[PDB]
Amino acid sequence: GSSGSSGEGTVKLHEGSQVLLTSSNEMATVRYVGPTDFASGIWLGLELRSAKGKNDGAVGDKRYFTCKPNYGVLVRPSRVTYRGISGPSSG
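Going by the working numbering, the first residue of the sequence shown is number 195, and it counts up by one from there.
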């Protein structure tokens, strides 16, 4: 399992994407994408439009985004979700 070897890879996140938390039920804009220095694993620098997080834009010696105190949050793809299908345009 590395860069798509065993177990497929449905990781489609680079930037300017939208994902909804599967715990707090709050949309979040994807700013950063990749491994972190404070933790061991992949993360996604999210940024909310209000004080509903636990980050100050950056954590440690790595910048993920820029926002007010406790505005954005850091979560993993598997920890986040987002639509993709199109479906009937009418409605």
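We treat Cβ as the ideally placed atom computed from N, Cα and C, and that holds for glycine.
What would DSSP say about residue i, mapped onto helix, strand or coil?
| i | result |
| --- | --- |
| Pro-282 | coil |
| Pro-263 | coil |
| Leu-207 | coil |
| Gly-228 | strand |
Please state whether the Cβ-Cβ distance between residue i and residue j is less than 7 Å.
| i | j | result |
| --- | --- | --- |
| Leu-215 | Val-224 | no |
| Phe-259 | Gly-251 | yes |
| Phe-232 | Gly-254 | yes |
| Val-213 | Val-267 | no |
| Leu-207 | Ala-222 | no |
So who's on the other strand from residue i, going by DSSP bridges?
| i | result |
| --- | --- |
| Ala-252 | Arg-257 |
| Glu-202 | According to DSSP, which records beta bridges pairwise, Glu-202 is partnered with nothing at all. |
| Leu-242 | Note: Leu-242 sits in no beta bridge, so no partner. |
| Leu-214 | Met-221 and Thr-275 |
Does the Cβ of residue i lie closer than 6 Å to at least one heavy atom of the ligand ATP?
| i | result |
| --- | --- |
| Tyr-226 | The model on display carries no ligand, and the ligand ATP is accordingly not part of it. |
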